[PDB]
Amino acid sequence: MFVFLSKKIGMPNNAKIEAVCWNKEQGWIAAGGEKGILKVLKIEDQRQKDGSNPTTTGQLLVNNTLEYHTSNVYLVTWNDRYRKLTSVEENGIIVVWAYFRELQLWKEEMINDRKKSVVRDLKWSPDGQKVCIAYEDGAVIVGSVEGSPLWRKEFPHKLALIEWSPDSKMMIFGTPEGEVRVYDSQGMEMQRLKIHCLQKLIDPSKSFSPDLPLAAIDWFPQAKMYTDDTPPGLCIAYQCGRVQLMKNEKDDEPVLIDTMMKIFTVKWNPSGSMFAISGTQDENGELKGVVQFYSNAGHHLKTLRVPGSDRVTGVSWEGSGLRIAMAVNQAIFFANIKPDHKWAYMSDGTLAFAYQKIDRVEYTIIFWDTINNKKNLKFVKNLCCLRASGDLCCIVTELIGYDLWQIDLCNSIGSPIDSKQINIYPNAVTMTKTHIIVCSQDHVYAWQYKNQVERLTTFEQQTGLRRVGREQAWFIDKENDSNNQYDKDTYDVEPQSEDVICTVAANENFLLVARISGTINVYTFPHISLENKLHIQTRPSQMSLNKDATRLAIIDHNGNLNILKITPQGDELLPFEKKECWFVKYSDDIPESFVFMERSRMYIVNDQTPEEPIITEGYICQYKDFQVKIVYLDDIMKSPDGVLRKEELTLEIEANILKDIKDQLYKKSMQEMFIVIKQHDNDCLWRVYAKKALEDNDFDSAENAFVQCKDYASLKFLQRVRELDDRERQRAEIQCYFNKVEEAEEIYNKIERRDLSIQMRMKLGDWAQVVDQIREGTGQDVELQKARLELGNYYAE
Amino acid sequence: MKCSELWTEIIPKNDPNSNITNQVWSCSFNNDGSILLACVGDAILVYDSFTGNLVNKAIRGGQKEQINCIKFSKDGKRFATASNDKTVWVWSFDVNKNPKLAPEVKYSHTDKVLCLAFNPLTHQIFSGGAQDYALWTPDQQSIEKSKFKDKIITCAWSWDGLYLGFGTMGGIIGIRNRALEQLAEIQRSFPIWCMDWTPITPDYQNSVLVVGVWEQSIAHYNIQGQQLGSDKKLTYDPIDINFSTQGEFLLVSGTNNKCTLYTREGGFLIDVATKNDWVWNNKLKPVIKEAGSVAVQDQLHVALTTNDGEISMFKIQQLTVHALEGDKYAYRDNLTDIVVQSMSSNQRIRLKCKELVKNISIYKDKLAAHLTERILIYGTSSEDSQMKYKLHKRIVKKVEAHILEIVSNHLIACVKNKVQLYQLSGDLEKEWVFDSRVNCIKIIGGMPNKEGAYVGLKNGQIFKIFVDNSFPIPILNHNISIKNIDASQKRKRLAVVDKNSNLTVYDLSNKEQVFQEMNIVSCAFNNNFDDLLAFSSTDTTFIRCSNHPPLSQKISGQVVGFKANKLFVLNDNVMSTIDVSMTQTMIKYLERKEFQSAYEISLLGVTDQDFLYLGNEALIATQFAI
Amino acid sequence: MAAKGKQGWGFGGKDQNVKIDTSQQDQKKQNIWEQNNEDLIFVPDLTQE
């Protein structure tokens, strides 16, 4: 997952912005100002058509100001069920708006205001039918959507924070002194929470009421609260210190997270996967506005720092969770997020996509064929890792209760083959053509599943011992020599090392293991033995290996990119700069050319010479010969009715070399084409040249191209072709030779002489089409009977 | 299904001419389950749940009278000991500290103490004896004592921590709040002994009071005091009541010296043990479930305390019953549930029932559920890819049989040494009597009302049965008993397994032992080629063809089914599919030049490279059709 | 411009409760891969004793 910056909305009238609310269904972001400046507006689309917008959008669709106020506003909330928008001021004036179908006109539909009182926090029910209003005095008023007051109770203790349960049946209140109380929907006290987060800061004698004010309490909706086996979903944070995370209101084994930052706002994901905490951090020596992202377990995935040395106030997520809005001083910064989005792409065209369920515990894997448009679905409980090969995919899952991880292989359809179980935590997994290597914090495990040339090492019979298909597992600091076959109970994991590993890379005959301290270890596949020890100043993050094992790309944790030349016991850093890089992929055919993706911009680089950037909002699947394939996974997630088309999601971008080659082919003649193509001498270029030559009814150029390509079958094809009389049978046989038969049938039909088409169809082996053609066509009995017998045999087999 | 004793400790120190006795009254159990407590006259005993031994020596002299009740605090840190010395002690507990147990706070009522209870949330103590009831809060360290008109017998706090329920021997049951006010009062005519609160559940999310009266009845009461109207009757007077975690089971003890298990609705499942004396207190072992953990959780643990002075431990293991015919796998989930799973999309379909299911048999687009004294059948809409189950018919007749099968328009039940044929209406149709117990039966396809079947006896003779013939046809004879049988696709051979895990292959045309194998757990025939045999031992599965060396895989699991280019492996209660390569058999068939069988094998979904290979050799060896 | 300008929720003295139009309701359509969550359909048993 990565985060970066985007368009920056300017100040309305040079006024402080402190409250921003983003709608979830239709995008209507609302921001409050200083002198009663409320502005609701539409935001630009992240992606348009299949390319960059010539107008670049740049149009605020609504951008209308709804002042009505002389004082400041600091509470603006959107009702998701309806069009209502609630906003209050410092004078205790609660104003609710609604949308009328006119020229972007909003008029007040609730004007209430209680004098001699101060509003602290209003809240709306998850169902959108209840509103809770509270004051510093202690009075709590709960109302419906219609206007009939449910109850207006009075509480002795002062209140600071209000929270609603997902089922809207119970209430969470927080006092300014700092404590959490649970009440019923009828204002009846149930109990008081106990806090374990604040250690060494609270009074040792009494812990229920410390002197630390509460920053933010957030309960993630759509989450179960009458169960104990679920990831945590309720978070309570204090003004500066630890944040405490619960799976339930009655839980007594907390999850603790410590951050050195002044917590002010914590917001959950629309899907509940991650949550963001905004505020000011003094670790840099002064005040810096930062937003930190944490997982449901809590791992500090990323930290976003704004360029301004100021405070970040208020965070809102988009409906899909792909963009975030922060109100920083006098501007509304928009941060773009690319999540992990576990996906795998095979060489056969099948794409495997992992989708997380609302249960946050179970996953669905989707196998979509990019050619036949076939869709297959499987349900996998737990997912740790997903990887792909030319024709196989590896799935790494976790079994809870046995502290074990299962790795299994699946074909294009997804049938499991040779599933194995390991007791090693999959910190970083990779898998090459003939091996699968998973690395924990301190252990390394390798498994061979293919034979030396091309076989499956699972169904073998010869001598007793294990020759091919053996599993190895060793330690990183010591035990360089590869060990023998391990077991799920014999092998030991307890020993730990001071230098942990971060990233692993694999090749056909080489293996690279990185270290956090900056050391890279090289291993050989025939017999695992360390050879070299490369040194890097910064810890690598992604890492990528070139074909033939000549160079490699190092991506630092901060996003910096550089090129390292691997040499025996040496270190050569090629100067390439290009900081803040995100994705890097070396070509599997060209030893030099590669593609790197930086801040929604792609670059094709060869011989340290970059080209022009292209705006792209997709992920790179593969870089084949002068071609790069991208797939828009966001559109896949947002499918309306259940049809996926290869012409809308999948896009292919050609290199400048291929574009120029096609350019010069299409305007210039044939001989200079041959002369300029002899230097490159590539299989794809020869293939395209031969296709162009044969399309123009030229055989000398076509036979020359096939001779240069060293293809005997195509030469036999052309030799068979050249003995033809008419000008149309050659076209039909060529076009049915390529991949396609329907146009050949049509050209037979327009040429007539149908028995030729019948013979072509019967030799091609398709019998149903032959039966359909024969029926009511000629009425000859013998070939109809023979075709029906053949079709019956085909169905029986 | 099976109940096994684990460890028994007896306390024979009966003391005549002394009010101290050898009886045991209560057995407190820890939430984690690593420690157990018991109370005897003038002593408290500490035990380990897994193995029976005293981790700490018996404590004597702390209380000068008997101990009435012992309870934890749902966190494994406190004990509450109430004695006939008109005093209640609360002790602090922690396994790691050098003093494992030590008294913390002692208080006293005016009269003897009879019952005690704890608060799940706030850890407050409510102790009720004769003429008095007291509440203790750890923070304030100030007890609140109140007088009452007759001796409370039992107390129980709700799982929400808000309500409290108490009962009196005079027939009065009272429900109060944390402030101890008369929220609800109900008057009965019989003494009140056992009460409990139903555990919170996301499906139910409502708490009711379950109280067992001495007039042979069990009653459910709401918060307001209005009865739910169940009033289920019992043969014996209940004594103790305990709910399992998540509110799935109910352990009932009392008269008849039997400890029985029930569903929360009231359906009898099994009886745990019969001691031949009154069981004063029986407790269940709570379980802790991880976030998204996968486990069958068939194991159950119960602890019983009797009147003579025996504290016994029992383990309950649930057997696995399942059915697999084609494209479907219907297995019994946690008791009184049926889950149908498809191997392709891994999707599950759940059917919930109230009584215990005994056998599950699935025919073509038809599933049969055998509830206690009830039979259900569900059909399937074939046109839709997803299945839709509708109850076409229901059978009320009570039938007892360890094996049940359903065929087109008929049912077969195996009981003892007899096989009974039942019509769908319910009336018995035909009977078959054999010498010994019918161990395994296999059903083979055929016309309606004419489906044949194979039967194995404890003697070992294998017989054939036809529906209308009414005369068994002796197929063959085996000296050892028969456990599982299988039939080939063409019905050419038959694989049979004995009690010694011995597999034997018999040819039907000529009765001879062609193949014999040792240490075999399961076996299966192919349904397309008729020749492949896949047999799984405890750790290794072997696939054998005609006159071919076996193929080893070292795959963990047991083989249940074999389909074209597919083997089914079942581990515990989950199932998986694994593909096989037919390249080895194809090569071996090419070795001896039987291209027809090689092509038939390659037709099972082999890679195109082997297809072009086989085509090459077919062209070389002058076989143009193949 | 305060089209209505009425106090609600029992904030003022004289009862001036007002009516909100609740006709236009906006709902979220569940995702298709999210709509495959209901493969595990619950089927009750016919309990007619």
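Residues numbered from 1 in each chain as written, not as in the entry; some residues may be left out. Chains lettered and ligands numbered in written order. Part of a larger assembly, values for the part shown. Heavy atoms only, no water.

Going by the header, the method for this PDB entry is cryo-EM, and the resolution given is 4.7 Å.

Within the PDB entry, the label attached to chain B reads Intraflagellar transport protein 122 homolog, and the organism entered is Tetrahymena thermophila. Turning to chain B, the UniProt record has this under Subcellular location (unreviewed entry): "Cell projection, Cilium". (UniProt positions renumbered as here; feature names shortened; annotations may be inferred.)

The name that the PDB entry assigns to chain A is WD40 repeat protein, with the source organism given as Tetrahymena thermophila. Quoted verbatim from the Subcellular location (unreviewed entry) field of the UniProt record, the comment on chain A reads "Cytoplasm, Cytoskeleton, Cilium basal body".

Novice: Describe the side chain of B:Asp610, and please don't skip the residues or the numbers.
Specialist: Structurally, B:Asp610 can be placed in helix α3 (residues 608-620). Not counting the four nearest positions on each side in its chain, B:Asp610 is found in contact with B:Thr583 and B:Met586. (Helix = DSSP H or I, 4+ residues; strand = E, 2+ residues; numbered from the N terminus. Contact = heavy atoms within 4.5 Å.)

Novice: Requested: an account of the interface of chain B and chain C, with residues and values cited.
Specialist: Each side of the interface is counted separately: chain B has 12 residues, and chain C has 10 residues. Buried surface at the junction of chain B and chain C, both sides included, amounts to about 1000 Å², of which 54% is carbon and sulfur. Contact with chain C buries surface across chain B, with B:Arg348, B:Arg350 and B:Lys352 losing the most and accounting together for 37% of the total. For the pair chain B and chain C, the interface holds 1 salt bridge. For C:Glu49, the salt bridge identified is with B:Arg374, shortest N-O distance 2.8 Å. There are 7 residue pairs in polar contact connecting chain B and chain C. Among the secondary structure elements, those contributing two or more residues to the side of chain B that touches chain C are β30 (348-352), β33 (374-380) and β34 (389-395) of chain B. Considering every element that reaches the side of chain B that touches chain C, the biggest residue donor is β30(B), with 5 residues. Classifying every residue of the side of chain B that touches chain C by side-chain character gives 5 nonpolar, 1 polar and 6 charged. (Buried area = accessible area lost by both parts, 1.4 Å probe. Salt bridge = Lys/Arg side-chain N within 4 Å of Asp/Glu carboxyl O. Polar contact = N/O pair within 3.5 Å; in protein donor to acceptor, adjacent residues only side chain to side chain. Nonpolar A, V, L, I, M, F, W, Y, C, P; charged D, E, K, R; others polar.)

Novice: Any details on the side chain of A:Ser389? Residues and values, ideally.
Specialist: Among the structural elements, A:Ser389 can be located in the loop between β33 (385-388) and β34 (393-399). In this view, A:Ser389 contacts A:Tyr345, A:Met346, A:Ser347, A:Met431, A:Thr432, A:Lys433 and A:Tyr449; residues no more than four positions away in its chain are not counted.

Novice: Before we move on, could you go through the sheet that holds strand β10 (residues 132-136) of chain B and cite the residues and values that matter?
Specialist: Residue and element names in this part refer to chain B. In space, the 4 strands of this open sheet follow the order β8-β9-β10-β11, with antiparallel pairing throughout. Single-partner strands in this sheet number two, and they are β8 (113-118) and β11 (144-147). Ignoring which end each strand starts from, the neighbouring axes of this sheet average 15 degrees apart. (Pairing = 2+ DSSP bridges. Axes fitted to C-alpha atoms, helices over the stretch in contact; angles between N-to-C directions.)

Novice: How would you explain the sheet that holds strand β25 (residues 300-306) of chain B if you had to name every residue and give the values?
Specialist: Residues and elements named next belong to chain B. Pairing within the open sheet is antiparallel, and its 4 strands lie in the order β1-β26-β25-β24. Across the chains shown, the open sheet's two edge strands, defined by having one partner strand only, are β1 (2-10) and β24 (279-284). Geometrically, the sheet is characterised by an average inter-axis angle of 20 degrees between neighbouring strands, direction not taken into account. As paired elements, β25 and strand β26 (residues 310-317) share 6 bridges and run antiparallel to each other. Among the inter-strand pairings, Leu304 is bridged to a residue of β26, identified as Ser312.

Novice: Account for the interface of chain C and chain A, with residues named and values stated.
Specialist: Counting from both sides, the interface comprises 29 residues of chain C and, opposite them, 42 residues of chain A. Together, the buried faces of chain C and chain A total about 3400 Å²; carbon and sulfur atoms form 56% of this surface. The tally of links from chain C across to chain A stands at 2 salt bridges. Here C:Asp26 ties to A:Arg83 by a salt bridge, and the two come within 2.7 Å at their closest N and O atoms. For the pair chain C and chain A, the interface holds 11 residue pairs in polar contact. Classifying every residue of the side of chain C that touches chain A gives 9 nonpolar, 12 polar and 8 charged.

Novice: Quick rundown of unusual backbone geometry? Include the residues and the values.
Specialist: A positive phi angle is found at B:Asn519, which is not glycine, with a value near 60 degrees. Positive phi, close to 60 degrees, is recorded for C:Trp9, a residue that is not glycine. Among the structural elements, C:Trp9 can be located in the segment before β1 (42-43).

Novice: Tell me what's going on with the UniProt feature "coiled-coil region" (unreviewed entry) in chain A, and back it up with residues and numbers.
Specialist: Mapped onto this numbering, the UniProt entry gives "coiled-coil region" (unreviewed entry) at residues 727-754 of chain A. Within the segment residues 727-754 of chain A, helix and strand shares are 75% and 0% respectively, and the terminal C-alpha atoms sit 17 Å apart.

Novice: Can you break down helix α1 (residues 583-592) of chain B residue by residue, with the values?
Specialist: Residue and element names in this part refer to chain B. Every buried residue of α1 is accounted for by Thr585, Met586, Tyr589 and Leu590. One side of α1 carries all its buried residues, which in axial view fall inside an arc of 140 degrees. Residues of α1 that are exposed and point more than 90 degrees away from the buried face comprise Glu591 and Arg592. Where α1 ends, the next residue or the one after it, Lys593, has phi of about 60 degrees, a positive value. (Buried < 20%, exposed > 50% of the residue type's maximum accessible area, 1.4 Å probe, protein only. Arc of directions from axis to C-beta.)

Novice: An account of helix α7 (residues 729-738) of chain A is needed here, citing residue identities and associated values.
Specialist: Residues A:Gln730, A:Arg731, A:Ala732, A:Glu733, A:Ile734 and A:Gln735 constitute the buried set of α7(A). Close packing links the buried residues of α7(A) with α4 (683-695), α6 (712-721) and α8 (742-751) of chain A.

Novice: Summarise the packing of aromatic side chains; cite the residues concerned and give the values.
Specialist: All names here are of chain A. Enumeration according to the criterion identifies 47 aromatic pairs over all chains in this entry. Geometrically, the ring pair formed by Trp268 and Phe275 is tilted, given 5.2 Å between the ring centres and 45 degrees between the ring planes. Here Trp268 matches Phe275 in class, with each residue buried. With 6.2 Å between their ring centres and 50 degrees between their planes, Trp686 and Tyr689 make a pair best called tilted. One end of the pair, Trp686, and the other, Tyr689, are both in helix α4, 3 residues apart, so they sit about a helical turn from each other. On the accessibility criterion, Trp686 (3% relative accessible area) is buried. (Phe/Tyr/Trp six-rings, centres within 6.5 Å; stacked < 30°, edge-to-face > 60°.)

Novice: Just give me the short version of the pattern of salt bridges, but keep the residues and values in it.
Specialist: Residue and element names in this part refer to chain A. As enumerated under the stated definition, the model contains 39 salt bridges over all chains in all. In this structure, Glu362 and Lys357 form a salt bridge, with 2.9 Å as the shortest nitrogen-oxygen distance. By relative accessible area, which is 5% here, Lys357 ends up buried. Overlapping salt bridges bring together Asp477, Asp499 and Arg515 as one network.

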